[PDB]
Amino acid sequence: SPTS
Amino acid sequence: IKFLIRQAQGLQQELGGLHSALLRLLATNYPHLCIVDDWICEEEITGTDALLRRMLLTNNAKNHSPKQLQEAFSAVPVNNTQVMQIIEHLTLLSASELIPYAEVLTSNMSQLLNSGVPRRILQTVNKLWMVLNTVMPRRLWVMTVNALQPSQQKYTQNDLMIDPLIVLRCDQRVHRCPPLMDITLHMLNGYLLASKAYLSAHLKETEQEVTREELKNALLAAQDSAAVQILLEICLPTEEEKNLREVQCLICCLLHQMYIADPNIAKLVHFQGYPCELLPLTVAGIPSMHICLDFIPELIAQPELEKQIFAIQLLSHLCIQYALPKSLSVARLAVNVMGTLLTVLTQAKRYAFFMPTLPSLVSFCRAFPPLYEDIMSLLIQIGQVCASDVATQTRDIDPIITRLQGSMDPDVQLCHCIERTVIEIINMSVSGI
Amino acid sequence: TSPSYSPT
Amino acid sequence: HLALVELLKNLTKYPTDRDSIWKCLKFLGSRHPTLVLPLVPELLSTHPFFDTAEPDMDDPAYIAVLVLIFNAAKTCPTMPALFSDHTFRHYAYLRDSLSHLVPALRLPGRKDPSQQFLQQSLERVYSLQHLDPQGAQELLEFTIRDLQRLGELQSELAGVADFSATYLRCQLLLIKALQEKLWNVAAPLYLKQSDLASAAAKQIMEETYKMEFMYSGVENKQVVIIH
Amino acid sequence: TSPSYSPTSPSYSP
Amino acid sequence: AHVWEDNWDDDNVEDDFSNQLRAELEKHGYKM
Amino acid sequence: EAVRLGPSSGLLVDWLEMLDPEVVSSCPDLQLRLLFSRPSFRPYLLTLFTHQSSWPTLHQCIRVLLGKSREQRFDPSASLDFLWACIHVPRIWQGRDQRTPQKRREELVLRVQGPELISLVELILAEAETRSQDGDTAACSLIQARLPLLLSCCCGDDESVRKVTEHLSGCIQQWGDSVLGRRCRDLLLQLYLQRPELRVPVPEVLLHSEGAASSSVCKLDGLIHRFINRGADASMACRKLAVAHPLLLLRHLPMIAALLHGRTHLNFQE
Amino acid sequence: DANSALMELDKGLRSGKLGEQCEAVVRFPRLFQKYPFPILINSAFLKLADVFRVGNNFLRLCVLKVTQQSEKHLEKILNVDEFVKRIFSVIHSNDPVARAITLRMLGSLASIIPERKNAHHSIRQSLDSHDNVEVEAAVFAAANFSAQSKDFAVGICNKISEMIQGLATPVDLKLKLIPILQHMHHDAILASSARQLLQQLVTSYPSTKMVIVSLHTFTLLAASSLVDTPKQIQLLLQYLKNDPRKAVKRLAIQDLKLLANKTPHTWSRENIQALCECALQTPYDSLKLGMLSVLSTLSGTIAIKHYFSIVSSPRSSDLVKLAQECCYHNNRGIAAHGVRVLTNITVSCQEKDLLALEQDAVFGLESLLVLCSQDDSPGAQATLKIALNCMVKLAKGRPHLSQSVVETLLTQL
């Protein structure tokens with residue numbers, strides 16, 4: 001995602 | 001005016017402020033001139049294929065003439081190919097020279113409407129009509145409408161700004177022929193914007209009041225809304241089939257542009273309600289629809305039973321299409337609303353409210369397997385209350401005996417609908433991975 | 001400037 | 001999993017060596033693909049029934065995870081079905097953009113003329129030497145701009161093309177200097193400013209020096225031609 | 001809210 | 001190309017000065 | 001159709017198009033013989049027939065092309081590409097959404113009948129059995145290309161059951177084993193249908209429909225193992241679908257091969 | 001004052017009416033051509049990108065036309081990433097018209113952003129979407145990016161080859177899709193691949209409407225990437241000899257004119273001889289006129305020395321017979337080009353047997369003088385001025401015939  | 005604006009567009013560099021002032025004035029007073037699609041179709045391509053093709057086929061193409069076109073096109077059931085020859089050379093012709101050919105095509109589209117013509121000829125006519133639309137739009141609209149009236153009073157420009165549904169007064173043959181329907185859609189959108197401008201001018205003239213601006217807003221809103229309703233009724237399949245797909249695509253495009261221009265109109269159309277046969281295909285077609293989740297709570301809160309049914313069915317097909325948490329909250333609200341109406345509704349209106357909205361429940365259950373036990377609890381409650389009604393008054397077909405597995409009594413039909421939807425939920429969930 | 005049903 | 005999370009820490013903390021980050025993630029995915037398979041639902045949010053919002057396209061963290069995913073999916077075929085639609089078009093865009101970082105996949109959506117010509121033009125000039133000074137001038141100008149176009153056009157023939165081109169410019173300059181009308185006009189005048197011949201001499205000497213020294217590969221046959 | 005940008009599309013950040 | 005390159009006799013080639021002279025002298029339009 | 005004229009053929013094509021507005025007007029048998037047979041401008045005329053023939057004519061052409069005919073009078077590649085262009089006409093797909101679909105949602109198809117479907121699959125398998133130089137690999141590639149139209153045109157459990165129970169005899173150049181490996185994409189649950197596939201015993205390298213559910217069940221088993229309401233499923237459902245279909249877990253075996261590696265973490269396991 | 005104009009135009013932008021917003025938007029190009037100050041340019045462009053991200057689609061078309069007009073100031077733009085971020089950020093909209101307008105603006109921004117991989121990808125995806133107006137806008141945008149880049153060009157040539165073989169989309173969209181291959185002059189291997197594609201295209205679609213654009217794009221491609229000029233010339237001569245379509249032969253005329261005007265020294269002796277045989281074997285006066293114009297241009301250039309370079313008599317050469325018979329042909333333009341060819345060859349080459357050609361040329365010359373003297377047509381006066389060009393060139397090149405030509409001109413007086 002944008003931040004895992 | 002349009003042609004001179006195009007020339008000013010070309011010669012912007014020499015003219016200091018004139019191009020600015022004229023384009024402001026047209027955007028102030030002639031929006032049906034300054035619609036966007038005609039201008040982008042004007043902007044075209046700089047692949048120059050049109051210019052090279054013109055320079056190397058126009059030559060001396062044996063001097064095609066409007067009278068020759070008229071002769072061949074009056075003898076068109078004897079000769080289609082000469083007509084298609086001529087209009088091929090006409091598409092090769094440019095924007096300025098096309099003007100003496102405006103009389104023939106429009107005034108003689110009736111034999112085009114007659115079945116058996118090839119849509120290469122139809123699309124050639126359509127492209128020529130686009131070019132004449134970017135050159136001289138207003139008289140083109142007048143001749144097109146006065147020649148598309150069904151088989152004949154002669155409408156005028158002022159009459160068309162007064163009542164643009166005359167554009168929709170045309171043949172059911174027009175309705176089921178694709179590209180002529182696109183021509184009709186352009187005229188419809190244009191004359192709607194024109195009607196806004198003309199009521200603007202007439203009210204500002206007649207001042208020689210606050211209720212007058214509100215009456216203008218009401219008349220315009222109801223006006224384009226009724227236009228939308230007529231378009232959707234066109235999308236309805238007729239009894240005869242019981243082309244259509246392309247027609248539905250074109251009407252979905254025009255509805256998309258109207259919805260993007262004004263989402264109030266989506267609100268008003270959905271509060272008025274349209275056939276639920278039209279509902280799923282419009283859901284698939286129109287992409288700028290998912291604004292509906294803003295007002296679906298309001299249409300649920302509306303006091304009319306027909307409107308509440310329509311809202312629930314619309315929510316069902318929305319939740320099939322887009323599965324958002326916002327849509328999930330709206331679905332949960334809808335289920336609790338349905339429980340409340342179950343608590344408060346008498347039996348005749350219970351039938352009249354719970355027959356149509358059960359495929360909406362199977363749509364909910366397809367969308368949201370979290371929202372699942374609530375559906376089953378509501379289904380069992382509506383079931384046993386209808387079975388208690390069947391028990392109350394004497395019947396014949398006896399679902400209580402039928403337990404171990406036409407035009408009948410309402411509670412019988414309701415119990416049968418309930419068990420059918422349970423069957424559909426189960427088959428869905430089995431096959432749905 | 002009417003955004004909804006009048007009584008509600 | 002933890003190697004990924006602190007690698008993303010490093011990328012979001014020092015956003016300059018993201019190129020090495022992407023290449024090392026690529027080598028990790030190529031080295032062992034099968035380890036990452038249970039993480040595929042977790043590393044990218046793919047909520048089991050919801051429509052997940054489209055991820056950012058040029059977000060470096062998302063690029064870093066995507067390149068690892070594709071280098072894993074090089075061998076194992078059991079995750080195109082796991083992919084979402086944004087992953088499909090993002091594989092298209094990443095394969096379009098970073099050609100050496102993601103490999104080719106099987107997704108359902110995405111299923112010496114120059115030297116000879118140079119020789120031919122030069123031998124054309126060499127053969128067509130025996131004609132009018134004017135026609136020599138136009139032939140020289142035409143071939144000069146031709147070989148200049150070729151030197152722009154290719155890269156490995158650019159040096160030799162420009163070298164022969166400046167040699168032809170040299171020859172044209174000398175022929176113009178000879179065809180100057182100073183020779184038509186009688187000797188004792190030599191007025192002023194017609195010395196295109198003298199400017200030609202200076203330019204031709206400078207071009208010979210340039211042609212000798214600035215070029216890399218020259219051999220003594222070329223050198224004695226220069227001299 | 002965003003009648004023309006569709007829900008399954010990226011936001012604009014600033 | 002034109003028939004004769006050193007043509008002093010051409011309309012659009014001529015400059016502002018004897019354009020003004022042309023205006024005056026076409027207005028005059030006679031010689032004694 | 002008769003003369004083998006090289007350069008003049010362009011003038012002939014232009015004139016035949018120019019004086020025949022509808023492509024199939026006077027002698028449709030001759031027209032279909034020209035368009036499809038057992039040349040060079042055939043793609044041009046096929047594009048014109050695709051985008052320039054009326055809907056009843058198109059329906060009649062599809063029916064007479066896919067109808068029962070053992071003569072093999074139609075060109076297979078051109079015919080099937082014509083069907084694919086017919087289902088992908090942009091006028092049909094004019095203004096609806098593109099490149100944001102739902103994968104569970106299948107919107108529209110083209111309905112076929114029983115014998116029409118049988119003739120269609122027989123002709124596409126005949127084209128698959130042609131094999132001038134393509135080989136098994138390009139045969140599988142062409143099968144991959146022509147399978148989504150088969151899924152669209154069947155679009156039904158009855159038609160799929162009839163297709164899978166239609167299996168030819170013989171033992172050379174079968175490719176019935178290929179389509180009965182494609183049954184996983186067809187997403188059927190028939191163990192009897194898997195039994196012909198198991199007798200075929202060929203590997204799986206193409207995408208499988210139930211792959212997401214298989215990975216979900218296997219990762220659920222691993223997650224329940226690592227955590228220890230999911231364990232009852234994580235045993236019973238996975239063993240049930242395992243005994244139902246063998247080749248699916250045969251394909252998914254490397255994931256469980258690289259799983260179960262906590263023995264170094266707990267060698268003692270007390 | 002410049003700043004004053006800037007924020008009053010900003011207030012016009014912030015005004016409610018889209019008419020006044022259109023006013024200020026279309027008023028920017030005057031301010032660009034008045035104040036070339038770069039900070040002012042950058043701030044004006046940023047406000048343009050804002051109003052384009054949120055405008056009502058007619059403002060969007062106005063901003064597009066503003067960029068397409070004042071394109072020349074684009075190179076002095078500082079905040080390129082922010083400008084492109086807004087303009088590209090409005091491409092995810094569901095409105096096909098808005099997507100088409102945005103793609104046209106990216107085609108306009110080709111001068112400052114020729115490497116943007118995301119722009120490449122969005123163009124390539126919208127190239128095979130279905131909405132018509134955005135398909136042709138995507139074609140235009142590809143036509144610009146392929147001109148100012150290379151890797152995008154190789155991606156598009158692969159995609160175009162795939163589409164054309166993949167048989168979807170009608171013939172009109174194929175016409176729009178062909179002229180992208182003019183910008184393939186970045187490398188020889190791309191040129192060769194495109195050349196094979198175009199040969200396959202012409203052999204695959206024998207239609208006049210196909211062939212005309214295919215040949216014209218193919219010849220602009222070769223004239224730009226001048227490596228396969230002989231292959232181009234011999235293919236065109238094949239189509240001029242073989243193909244019976246008169247319009248296609250006129251294409252061959254108006255294309256060999258372009259090649260003869262650009263690259264004359266590449267013309268070869270067999271090419272000249274083949275064109276001469278075609279000009280003899282033609283039946284049609286107009287096509288013979290075109291071929292004679294081509295030979296007139298080639299005769300004016302250097303290639304006549306190539307045709308008469310030894311290591312076959314000059315009289316045995318087929319050019320001379322055609323030139324003589326067409327100079328004495330009935331039709332006036334044909335005679336004019338024939339006497340042009342004769343004048344050019346007489347002044348240019350000096351062999352022993354050409355004195356008879358000199359005499360024939362001068363006598364056919366007063367034939368043209370009498371015909372144009374008593375014709376009195378606009379085309380007649382054009383051919384007359386051509387004949388007088390022949391006079392000046394012949395008399396200056398060769399002073400031998402001067403008294404004869406002067407007394408003939410006096411007889412015409």
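Each value, and the rule that gives it
Residues numbered from 1 in each chain as written, not as in the entry; some residues may be left out. Chains lettered and ligands numbered in written order. Part of a larger assembly, values for the part shown. Heavy atoms only, no water. Residues with missing side-chain atoms left out of burial classes, pairs and counts. Helix = DSSP H or I, 4+ residues; strand = E, 2+ residues; numbered from the N terminus. Buried < 20%, exposed > 50% of the residue type's maximum accessible area, 1.4 Å probe, protein only. Areas by Shrake-Rupley, 256 points an atom, 1.4 Å probe, with all protein chains shown as cover. Rg over C-alpha atoms; globule rule 2.2 N^0.38 Å. 1 Å grid on protein atoms, 1.4 Å probe; cavity = no way out; pocket = protein on both sides within 12 Å on 5 of 7 lines; lining within 4 Å. Points joined across faces, edges and corners; volume = space filled by probe spheres on them. Nonpolar A, V, L, I, M, F, W, Y, C, P; charged D, E, K, R; others polar. Contact = heavy atoms within 4.5 Å. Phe/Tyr/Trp six-rings, centres within 6.5 Å; stacked < 30°, edge-to-face > 60°. Core = buried A, V, L, I, M, F, W, Y, C linked by side-chain atoms within 4.5 Å. Salt bridge = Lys/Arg side-chain N within 4 Å of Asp/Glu carboxyl O. Buried area = accessible area lost by both parts, 1.4 Å probe. Polar contact = N/O pair within 3.5 Å; in protein donor to acceptor, adjacent residues only side chain to side chain. Axes fitted to C-alpha atoms, helices over the stretch in contact; angles between N-to-C directions. Parallel < 35°, antiparallel > 145°, perpendicular 65-115°, else oblique. Left-handed = near helix turned anticlockwise from the far one by under 90°. Expected span 1.5 Å × (residues − 1). Patch = residues over 30% accessible without salt bridge, like charges linked within 9 Å, V, L, I, M, F, W, Y side chains within 5 Å. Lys, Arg positive; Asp, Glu negative; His and termini not counted. Charge placed at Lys NZ, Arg CZ, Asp CG, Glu CD.

What the deposited record gives as its method is cryo-EM, and the resolution it gives is 4.6 Å.

K.L.:
Before we move on, could you go through the overall build of chain F and cite the residues and values that matter?
P.N.:
Counting its secondary structure elements, chain F contains 1 helix and 0 strands. C-alpha atoms of chain F, sized along the principal axes, occupy 35 × 20 × 10 Å. Residue burial in chain F is summarised as follows: out of 32 residues, 3% are buried. For chain F, the exposed area adds up to about 3,600 Å²; of that, 56% sits on carbon and sulfur atoms.

K.L.:
Could you give an account of the overall build of chain G, naming the residues involved and the relevant values?
P.N.:
A count of helical and extended segments in chain G gives 14 helices and 0 strands. Walking chain G from its N terminus toward its C terminus, one meets helices and strands in the order α-α-α-α-α-α-α-α-α-α-α-α-α-α. The globule rule puts the C-alpha radius of gyration for 270 residues at 18 Å, and the 25 Å found for chain G is more than 25% above it. Expressed as lengths along the three principal axes of its C-alpha atoms, the size of chain G is roughly 90 × 45 × 35 Å.

K.L.:
Requested: an account of the layout of surface pockets, with residues and values cited.
P.N.:
Each pocket or cavity is described by its volume, and for the second largest pocket that value is around 800 Å³. Taken together, 30 residues line the second largest pocket, and the ones lying closest to its centre are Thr301(H), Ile304(H), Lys305(H), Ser348(H) and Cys349(H). Contributing elements (two or more residues each) for the lining of the second largest pocket: α7 (133-153) of chain D together with α14 (246-262), α16 (285-300), α17 (303-307), α19 (332-348) and α21 (378-397) of chain H. Tallied by class, residues from the lining of the second largest pocket come to 9 nonpolar, 14 polar and 7 charged.

K.L.:
Which residues make up the side chain of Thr87(D), and what values go with them?
P.N.:
Structurally, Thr87(D) is set in helix α5 (residues 85-97). Not counting residues within four places of it along the chain, the set of residues in contact with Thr87(D) comprises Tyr62(D), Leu66(D) and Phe70(D).

K.L.:
Kindly report on the packing of aromatic side chains, identifying the contributing residues and their values.
P.N.:
Counting across every chain of the model gives 17 aromatic pairs over all chains. Aromatic pair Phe70(D) and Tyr91(D): ring centres 4.9 Å apart, planes at 70 degrees, arrangement edge-to-face. With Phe70(D) in helix α4 (residues 60-73) and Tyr91(D) in helix α5, the pair connects residues that are 21 residues apart, well separated along the chain. Residue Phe70(D) is classed as buried on the basis of its relative accessible area, which comes to 0%. You can call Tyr91(D) buried: its relative accessible area is 4%. Ring plane angle 55 degrees and centroid distance 6.4 Å describe the contact between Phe36(G) and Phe82(G), whose orientation is recorded as tilted. Under the relative-accessibility criterion, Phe82(G) is labelled buried at 0%. Joined through ring pairs, the aromatic side chains of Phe28(H), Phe32(H), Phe45(H) and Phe83(H) make up one cluster.

K.L.:
Describe the nonpolar core, naming the residues involved and giving the relevant values.
P.N.:
Residues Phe82(G), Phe45(H), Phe58(H), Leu256(H), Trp267(H), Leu275(H) and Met291(H) are the most contacted members of the largest nonpolar core, which totals 185 residues. The element best represented in this core is helix α3 (residues 38-53) of chain H, accounting for 9 residues. Apart from residues lying up to four places away in sequence, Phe45(H) is in contact with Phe32(H), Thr67(H), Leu74(H), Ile77(H) and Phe83(H). Judged by nonpolar contacts, the second largest core, of 127 residues, contains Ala266(B), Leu299(B), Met338(B) and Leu371(B).

K.L.:
Please give an account of the pattern of salt bridges that cites residues and values.
P.N.:
Tallying each qualifying case throughout the model produces 36 salt bridges over all chains. In this structure, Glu152(D) and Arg149(D) form a salt bridge, with 3.1 Å as the shortest nitrogen-oxygen distance. Of the two residues, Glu152(D) and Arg149(D) both sit in helix α7, 3 residues apart, roughly one turn of that helix. Its relative accessible area of 56% is what places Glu152(D) among the exposed residues. A relative accessible area of 28% places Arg149(D) in the partly exposed class. Residues participating in the shared-partner salt-bridge network are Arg6(B), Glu42(B), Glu43(B) and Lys65(H).

K.L.:
Describe unusual backbone geometry, naming the residues involved and giving the relevant values.
P.N.:
Non-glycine residue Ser2(E) carries a positive phi angle of around 55 degrees. Taking the relative accessible area as the measure of exposure, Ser2(E) reaches 35% and is therefore partly exposed. A positive phi is found at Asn57(H), a non-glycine position, where the angle reads about 70 degrees. In this fold, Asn57(H) is placed in the loop between α3 and α4 (58-69). Among the residues examined, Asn57(H) registers a relative accessible area of 9% and is labelled buried.

K.L.:
Which residues make up the interface of chain B and chain H, and what values go with them?
P.N.:
Each partner contributes residues to the interface: chain B has 31 residues there, and chain H has 37 residues. Carbon and sulfur atoms make up 60% of the surface buried where chain B meets chain H, a total of about 3,300 Å² over both sides. Three residues stand out in chain B for area buried against chain H, namely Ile40(B), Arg53(B) and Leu56(B), and they jointly supply 19% of the buried area on that side. Inspection of the region where chain B meets chain H yields 5 salt bridges. Residues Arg24(B) and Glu20(H) are paired through a salt bridge, measuring 3.9 Å at the closest nitrogen-oxygen approach. Here chain B and chain H share 7 residue pairs in polar contact between them. When contributions to the side of chain B that touches chain H are tallied by element, the ones reaching two or more residues are α2 (18-29), α3 (36-43), α4 (49-57) and α15 (244-261) of chain B. When the residues that make up the side of chain B that touches chain H are grouped by side-chain class, the tally is 14 nonpolar, 10 polar and 7 charged.

K.L.:
Break down empty space enclosed by the protein for me, with residues and values.
P.N.:
All names here are of chain G. Volume-wise, the second largest cavity comes out at about 130 Å³. Along the walls of the second largest cavity sit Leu-120, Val-121, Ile-124, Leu-125, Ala-128, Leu-142, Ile-143, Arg-146, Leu-147, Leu-149, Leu-150 and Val-179, which together make up its complete lining. When residues of the lining of the second largest cavity are traced back to their parent elements, those giving at least two are α6 (114-130) and α7 (135-154). Residue contributions to the lining of the second largest cavity peak at 6 residues, all from α7. Its residues assigned to classes, the lining of the second largest cavity comprises 11 nonpolar, no polar and 1 charged.

K.L.:
Outline the arrangement of the chains, listing residues and values.
P.N.:
There are 13 pairs of chains in contact here; the most contacts are made by chains B and H. Over all C-alpha pairs, chain C and chain D never come within contact, reaching a minimum spacing of 30 Å. The two units chain B and chain F remain apart, with a minimum C-alpha distance of 22 Å.

K.L.:
Let's hear about the environment of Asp172(H): which residues, and what values?
P.N.:
Of note, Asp172(H) is situated in helix α10 (residues 171-177). Along the sequence, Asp172(H) and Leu201(H) sit 29 residues apart, while their C-alpha atoms lie 15 Å from each other.

K.L.:
Please set out the packing of helix α20 (residues 355-373) of chain H against α21(H) residue by residue, giving values where relevant.
P.N.:
Geometrically, a packed helix pair is captured by the angle between its two axes and the distance between the axes. Residues and elements named next belong to chain H. Running from amino to carboxyl end, α20 crosses α21 at an angle of 150 degrees, the nearest separation of the two axes being 9 Å. With respect to α21, the axis of α20 lies roughly antiparallel. Between α20 and α21 the crossing geometry is left-handed. For the pair α20 and α21, the contacting residues are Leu-365, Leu-369 and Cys-372 in the first and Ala-380, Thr-383, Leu-384, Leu-388 and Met-391 in the second. Residue classes in the contact of α20 with α21 are distributed as 7 nonpolar, 1 polar and no charged.

K.L.:
A description of helix α10 (residues 137-148) of chain B should follow, citing residues and the corresponding values.
P.N.:
Between its terminal C-alpha atoms α10(B) stretches 16 Å, which fits the 16 Å expected from 12 residues at 1.5 Å a residue. Along α10(B), the residues classified as buried are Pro137(B), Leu140(B), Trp141(B), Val142(B), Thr144(B), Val145(B), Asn146(B) and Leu148(B).

K.L.:
Give me a negative patch on the surface: which residues, what numbers.
P.N.:
A cluster of acidic side chains, namely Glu207(B), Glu209(B), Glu213(B) and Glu214(B), defines a negative patch on the protein surface. Here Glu214(B) lies in helix α14 (residues 210-235).

K.L.:
Give a detailed account of the side chain of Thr78(D), specifying residues and quantitative values.
P.N.:
Within the secondary structure layout, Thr78(D) lies in the loop between α4 and α5. Apart from the residues lying within four places of it in its own chain, the contact partners of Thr78(D) are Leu37(D), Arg251(G) and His252(G).

K.L.:
Got a sec to walk through a nonpolar patch on the surface? Specific residues and values, please.
P.N.:
On the surface, a nonpolar cluster with roughly 310 Å² of combined accessible area is contributed by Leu11(B), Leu15(B), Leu18(B) and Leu22(B). The residue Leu11(B) is located in the loop between α1 (2-10) and α2 in this model.

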